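Residue numbers (our numbering): 127 to 172.
Structure (structure tokens):
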């Protein structure tokens, strides 16, 4: 699956929280294993 499938529900949550950059969102989700909480931490830190 492409990440847009794979991470559909977590991309929505991230976008709903003001995180719109797709590449950054996907990168953060891959490092977190698909965890939104972890992705959010990455997106806020650095």
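Think of the CB as a built atom: it goes at the ideal place given N, C-alpha and C, for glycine as much as any other residue.
Check	Outcome
Distance between residue 158 and residue 130 (C-alpha atoms, nearest Å)	16 Å
Residue 155 vs residue 139 beta-carbon contact at 8 Å	no
Simplified DSSP state of residue 147, which is helix, strand or coil	coil
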